[PDB]
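Chains as they are written, first to last, in the entry's author numbering: chain A, 1 to 306; chain B, 1 to 306. Yeah, the Cβ is synthetic: ideal placement off N, Cα and C, and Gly gets one too. See below for the structure under consideration.
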């Protein structure tokens, strides 16, 4: 028993992190087979960042202008290209610690683990949600660029996020591993607006089931609502609307607890409208929205990797 | 920027996790050089656990009654001994993935990372504090016994915790790697009292510094106080006493932020007496006491390991 924000074990990712250097810019790369992936802004000086023409900047760079370092050793680049906002450096060596992997583009509300790195070395691992406005609320210092987010499926690492930018507002933006930004952001040092953020309703509901499973049940009540009823309240609290898809994904949790999805919704409706008084839930004074329904089942059923 | 509850990268510990089975009980073991370390209650049935005589139970066991599995590899057990509440199994093979390591006994209020494991396989990683009352508020299901807590120092793993039990209260208890319980606890399925559990004041102050560093400043007031005045308030709020040693450890954060420790103390006193008025600090509606001053400096400085 007990419920915590758990990250996936990071060992399989730690073996893929390298240091990439171009001029005097250094950040993190991801070495998979004979390719190193990193933020294309590795090619920019701080001044270039204000208004980069990446095609022009990259032309001034040859294979040999890229210094990729794997712990001790130093790899040889024999090919480079730019795919959207990522640079792909073909190297002369396949990574022998290359895990089974795929590249995935996640959806808002979905969670992942971030392995925060500096200079190609792992610092820390934490669990993040992609916000509805396609930012993440991470913890990233200068140098952390090219740090990656991932999920694990027994033995297969699904890479979903590469860190590219801190917005002037101090939240984080990045790309999938094909170099396509999540959200409206660009890799230029300019004021950029993230949308209005909203709370991930289906995640809060998941987390309330986790609370019941762990013996926190005070917020329960035998009130009802329709989906449409609930949403007309949720939207007044900047909650994402709940769809039937969301009801269907909560089905198993409903089944395990004997609390119908629409009842848990009635319970949340109450919590928003009436607040929490002084009481906590799973040790939290706010409603948590960074556990997906699948996160809760995994942690509550003890799913393992390898 | 940003601030998250971050664990150490787990890869070095992942390589040490094994499954240990004795009759119908399976749990996790830690394989370092040619020794596997696990909870001695691996020799117990659910029945035995009500009142075990570990000396008499272990008498009935030979080396071959212990099945140790590392991945798909069955290790051969060539010796067994009990040290306090851990069993040590001598095996014929040194773990080729043994990191540099120490065994350390941590103090209450210190933090570490737990690699939660089931059947010898890693499930997830999270950061924990040893509560003043020597419990941990973890996430441990049936079969997580033998999971370990650790800190990393560049390339050296400091193992500080092995999980043994859940108290009927739903909190967690275990040992150091020499098999000595933290707290008054025994490895028996019986009613067991934990102390009253107090807030780790020095960690709260650390976290207030982190908040200031991240621009969260609303709670800074225009009062000072004395250590004694502060402590008088602390005891009433179930907060641990603050000592000069604690003031000394906060010194660098004081230096970085320009806020004198005792000024931060007076701010904290005010939050305790007045509460937070529905406001948040670093995304929390409660005062967080799981970051040590070292954790805050480490995270705010981007300290890496291998």
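Taking three-plus beta-carbon pairs below 8 Å as touching, is the segment 226–238 of chain B in contact with the segment 283–299 of chain B? no
Could you tell me whether any Cβ in chain B is nearer than 8 Å to the Cβ of residue 172(A)? Here residue 172(A) corresponds to residue number 172 of the first chain, with the count starting at 1. Yes, its Cβ sits closer than 8 Å to a Cβ of chain B.
Got a sec: is the Cβ-Cβ distance from residue 96(A) to anything in chain B below 8 Å? The count along the first chain starts at 1 and reaches residue 96(A) at position 96. Chain B, which has no Cβ nearer than 8 Å to the Cβ of residue 96(A), makes this no.
Cβ of residue 133(B) within 8 Å of Cβ of residue 196(B)? Against the second chain, residue 133(B) aligns to sequence position 133. Against the second chain, residue 196(B) aligns to sequence position 196. For residue 133(B) and residue 196(B), yes; Cβs fall inside 8 Å.
Alpha helix (DSSP H) segment containing residue 299(B), residue limits: Translated into the one-based positions of the second chain, residue 299(B) becomes position 299. Run containing residue 299(B): 293–301, per the alpha helix (DSSP H) assignment.
Counting C-beta neighbours from all protein chains within 10 Å, is the total for residue 243(A) 16 or more, i.e. buried, or is it exposed? Here residue 243(A) refers to the residue found at position 243 of the first chain. Result: exposed.
So with CB distances below 8 Å, who are the chain A contacts of residue 304(B)? Here residue 304(B) corresponds to residue number 304 of the second chain, with the count starting at 1. What residue 304(B) touches in chain A: 117, 118, 119, 121, 122, 123.
Chain A contact residues for residue 6(B), given Cβ-Cβ distances below 8 Å: Position 6 of the second chain, counted from the start, is the residue given in the question as residue 6(B). Those are 116, 123, 124, 125, 126, 139, listed as they occur along chain A.
Can you tell me where the beta strand (DSSP E) with residue 123(A) in it begins and where it stops? For the purposes of this step, residue 123(A) is taken as residue 123 along the first chain, with counting starting at 1. Where residue 123(A) is concerned, the enclosing beta strand (DSSP E) stretches over 121–129.
Who are residue 143(B)'s beta bridge partners in DSSP? Here residue 143(B) refers to the residue found at position 143 of the second chain. None, per the DSSP bridge assignment.
Does residue 218(A) come out as helix, strand or coil in the three-state DSSP assignment? Looking up residue 218(A) in the first chain gives position 218. Coil.
Reduced DSSP secondary structure (H/G/I, E/B, other) of residue 249(B): Working through the second chain from its first residue, we reach residue 249(B) at position 249. Helix at residue 249(B).
In three-state terms, what does DSSP make of residue 265(B)? In the second chain, residue 265(B) corresponds to position 265, counting from 1. Here residue 265(B) sits in helix by DSSP.
Report the CB separation of residue 210(B) from residue 291(B) in whole angstroms; it is logged as a contact under 8 Å. Taking the second chain and counting its residues from 1, the one referred to as residue 210(B) is at position 210. Taking the second chain and counting its residues from 1, the one referred to as residue 291(B) is at position 291. Indeed they touch by this definition, with Cβ atoms about 7 Å apart.
What does the Cβ neighbour count give for residue 160(B), buried or exposed, with the cut at 16 atoms within 10 Å? Walking along the second chain from the start, residue 160(B) turns up at place 160. So residue 160(B) ends up on the buried side.
Going by beta carbon distance, what residues of the same chain come within less than 8 Å of residue 116(B), once the five residues before and after it are set aside? The count along the second chain starts at 1 and reaches residue 116(B) at position 116. Cβ within range, chain order: 122, 123, 124, 125, 126, 138, 139, 140, 144, 147.
For residue 73(A), count neighbouring C-beta atoms within 10 Å of its own C-beta (all shown protein chains included) and say buried if the count is 16 or more, exposed if not. Numbered from its first residue, the first chain carries residue 73(A) at position 73. Residue 73(A) should be labelled exposed.
Start and end residues, alpha helix (DSSP H) containing residue 12(B): The residue labelled residue 12(B) in the question sits at position 12 within the second chain. First-last of the alpha helix (DSSP H) with residue 12(B): 11–14.
Less than 8 Å between the CB atoms is what I'm expecting for residue 309(A) and residue 109(A), so what's the real figure, rounded? The shown model of chain A, from 1 to 306, leaves out residue 309(A), and the question about it has no answer.
Which residues in the same chain as residue 58(A) place their Cβ atom closer than 7 Å to its Cβ, once the five residues preceding and following it in sequence are excluded? Position 58 of the first chain holds residue 58(A). 43, 82.
With a cut-off of 8 Å, does the C-beta of residue 288(A) fall near any C-beta of chain B? What you label residue 288(A) is simply residue 288 of the first chain in a count that begins at 1. Closer than 8 Å: no.
Could you tell me which chain A residues have their CB closer than 8 Å to the CB of residue 39(B), listed as they occur along the chain? For the purposes of this step, residue 39(B) is identified with residue 39 of the second chain, where counting begins at 1. Result: empty, since nearest Cβ-Cβ is about 17 Å, beyond 8 Å.
Within chain A, partners of residue 146(B) - CB distance below 9 Å: Within the second chain, residue 146(B) is the residue found at index 146, counting from 1. The premise fails here: residue 146(B) is roughly 13 Å from chain A at the closest Cβ pair, so nothing lies under 9 Å.
Taking the straight line between their C-alpha atoms, what separation do you get for residue 24(B) and residue 62(B)? As a position in the second chain, residue 24(B) is number 24, starting the count at 1. As a position in the second chain, residue 62(B) is number 62, starting the count at 1. Cα-Cα distance, rounded: 15 Å.
Since residue 299(A) meets chain B, which of its residues come closer than 9 Å, beta carbon to beta carbon? Sequence index remark: in the first chain, residue 299(A) carries index 299 (1-based). Those within 9 Å of residue 299(A) in chain B are 116, 123, 124, 139, 141.
Count the other C-beta atoms from every protein chain shown that fall within 10 angstroms of the C-beta of residue 174(B), then say buried if there are 16 or more, exposed otherwise. Counting from one through the second chain, the residue named residue 174(B) turns up at place 174. Label assigned to residue 174(B): buried.
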